[PDB]
Amino acid sequence: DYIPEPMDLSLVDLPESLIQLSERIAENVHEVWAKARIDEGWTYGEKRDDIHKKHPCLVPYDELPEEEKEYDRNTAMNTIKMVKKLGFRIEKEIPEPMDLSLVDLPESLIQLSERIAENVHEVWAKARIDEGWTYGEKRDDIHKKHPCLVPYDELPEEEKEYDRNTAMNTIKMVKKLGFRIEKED
C-alpha cells in the first residue's frame, strides 16, 4: 500500500562549479560511512554477512565499482538539489574523514533537515521498489527484503537521526568547499 512520494528535483539549477566537485563530496561520504561502520568490528568482505560483520563496499573510494561511485555522486548532488529545492542559494566564493565540524550552516536550513532526510529515504526506496525489493521484518538479499522499506514517519528515530546529519554532512562538505548557502527571500 506504500508508494514512495519524493519530489521532482530535475529543475534545480545547481552551479556548474559544484557538479565538478561531486567526486570530493561523495568520496568522504563513503569515508564517514567507512569509519562509522568499521568502528564496531565490521571488516572488508567480498560477500556480505550481517553475522560475520563483513561488507562488500568497505573499500577505498576508487576500489568501489565505477557503477556505484556514480550512484554516490548522484546521491550527494540530489541533496544539494533538495537544499536548492528549499529556496536556498548556492554560489562559488584508513577511512579518513575531515574536520567539517567548524562549518556553520544557516539556522533556516538545519531546521529543514527533516524534509531532506525524508526525501533521501524516499529516493533510496524508489530504487529498491523497482529493482524487486519488498518490505520484510528482517533482511534477505535473494528474496529482496529490507526492514527500512517503511514510510519515513514510521522509521526508527535512531535511523531518522542518522539520515539528517548524513545528508547534512553531505551539505557541511559543500560549504567547506566554499559554496555560499543562504536563504532566498
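Scoring rules and cut-offs
- For every chain, the first residue of the written sequence is numbered 1 and the count continues from 1 onward along that sequence, whatever numbering the entry uses; residues with no coordinates are hidden.
- Side-chain numbers come from the whole structure's heavy atoms, not from hydrogens or water.
- Think of it this way: any DSSP run of H or I at least four residues long counts as a helix, any run of E at least two long counts as a strand, and we number them from the N terminus.
- When a residue's accessible area, from a 1.4 Å probe over protein chains only, is under 20% of the maximum for its type it is buried; when over 50% it is exposed; and in between it is partly exposed.

As recorded in the PDB header, X-ray crystallography is the method behind this entry, and the stated resolution is 2.88 Å.

A. Layout of the environment of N169. Along the chain, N169 turns up in helix α6 (residues 157-176). In this structure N169 comes out as partly exposed when scored by relative accessible area, which is 23%. Here the alpha-carbon distance between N169 and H146, two residues 23 residues apart in the chain, equals 25 Å.

B. Local environment of unusual backbone geometry. The phi dihedral of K53 is positive, around 60°, even though this residue is not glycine. With a phi close to 60°, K144 is a non-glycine residue in the positive phi region. Considering the arrangement of structural elements, one finds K144 in the loop between β4 (134-135) and β5 (145-146). According to the relative accessible area criterion, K144 is partly exposed, its value standing at 29%.

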